[PDB]
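Trainee: Need coordinates for the below:
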Amino acid sequence: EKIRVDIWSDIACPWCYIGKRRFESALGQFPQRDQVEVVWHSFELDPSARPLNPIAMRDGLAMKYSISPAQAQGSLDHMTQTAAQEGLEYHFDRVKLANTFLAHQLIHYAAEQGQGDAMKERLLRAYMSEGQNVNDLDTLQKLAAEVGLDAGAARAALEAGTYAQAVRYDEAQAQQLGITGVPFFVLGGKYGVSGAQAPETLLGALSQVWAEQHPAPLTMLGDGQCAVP
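Mentor: Numbers count the residues shown, from 1 in each chain. Sure, the structure comes next:
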């Protein structure tokens, strides 16, 4: 009697924060919201990224998509305004272009304490709005503390690379599934929703899945059978 939602996401993707808000709006409108299980999965836009790339986000975007810095800025402006409608105040001018592998590990650590979503949320805010470097261990330990985790233990887990493999397995699974962009939603292990779609769309998917798991009872009409006990 549960609905599983698997979400692949990168901390470095502004559409993932937008998508998280839109999914949260859909969940709020969904009558059976208490039956929904959300599982975040690791995705790295660029697994081979430098620990910290010193350049401005605008310039990194320009290089990535081979567009003018003016066009890249227009893309940043678009995402900024779109995010504001979700109650997100982005500051792309402060963004630190960090490798997110360790941050994804922290989310895995947090999820074992049952705080995966809060850790994900904290990291998205730290990256998109607060100009924090999510590759930096001090920073990650601090964010873990703010979420209410054992900050000493979290940092120990990060330095040990305890969840490094769990993160790579997440990314492999996305690759196997053909997920090449984020956010990506999987509902009931069957349905896929690509990108940060409208709450109405995600609500529709939730509703469709619930409906399929709870079909109308048949009218039984009044010499044996094989039953599985």
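
Trainee: Please make it C-alpha for all contacts and neighbour counts, starting now.
Mentor: Fine.

Trainee: can you list contacts of the helix or strand where residue 120 lies?
Mentor: Assigned by DSSP states H and E, residue 120 belongs to helix 116-128. Under the criterion CA atoms under 8 Å, 6 or more residues apart in numbering, residues 11-12, 14, 17, 39-40, 90-92, 95-96, 103, 106-111, 132-134, 143-144, 147 lie in contact with helix 116-128.

Trainee: mind redoing it with 7 Å?
Mentor: Under the contact criterion CA atoms under 7 Å, 6 or more residues apart in numbering, helix 116-128 has outside partners 11-12, 14, 17, 90-92, 95, 107-108, 110, 132-134, 143-144, 147.

Trainee: Buried subset of those, written for ChimeraX?
Mentor: The buried residues among these can be selected in ChimeraX (16 or more other CA atoms under 10 Å) with this line:
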select :11,12,14,17,90,92,95,107,108,110,132,133,134,143,144,147
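
Trainee: Which ones among the contacts of helix 116-128 map onto helices?
Mentor: When those are checked against helices (DSSP state H), the matches are 14, 17, 107, 108, 110, 143, 144, 147.

Trainee: Provide a list of residues in contact with the last one.
Mentor: Right, the one you point to is residue 147. Counted by CA under 7 Å, 6+ apart, residue 147 has contacts 118, 119.

Trainee: ok, now the fifth one?
Mentor: By CA under 7 Å, 6+ apart, the contact list for residue 110 reads 116, 119.

Trainee: now do 6 Å
Mentor: Residues in contact with residue 110 (CA atoms under 6 Å, 6 or more residues apart in numbering) are residue 116.

Trainee: Okay, helices next: where are they in this protein?
Mentor: Going by DSSP H, the chain shows helices at 14-29, 57-65, 69-84, 101-112, 116-128, 137-147, 151-160, 164-177, 199-213.

Trainee: closest to residue 35 out of these?
Mentor: Distance to residue 35, taken as CA to CA, is lowest for helix 199-213 among those, at 9.4 Å.

Trainee: Including distance to residue 223, could the ones in helices among the contacts of helix 116-128 go into TSV?
Mentor: Listed next are the ones in helices among the contacts of helix 116-128 as TSV, based on distance: CA to CA, whole Å:
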residue	distance to residue 223
14	62
17	58
107	56
108	54
110	56
143	66
144	63
147	62
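
Trainee: nearest to residue 56, of those residues?
Mentor: Using CA to CA, the ones in helices among the contacts of helix 116-128 come closest to residue 56 at residue 14, 15.0 Å.

Trainee: and the gap between that closest one and residue 207?
Mentor: 27 Å (CA to CA, to the nearest Å).
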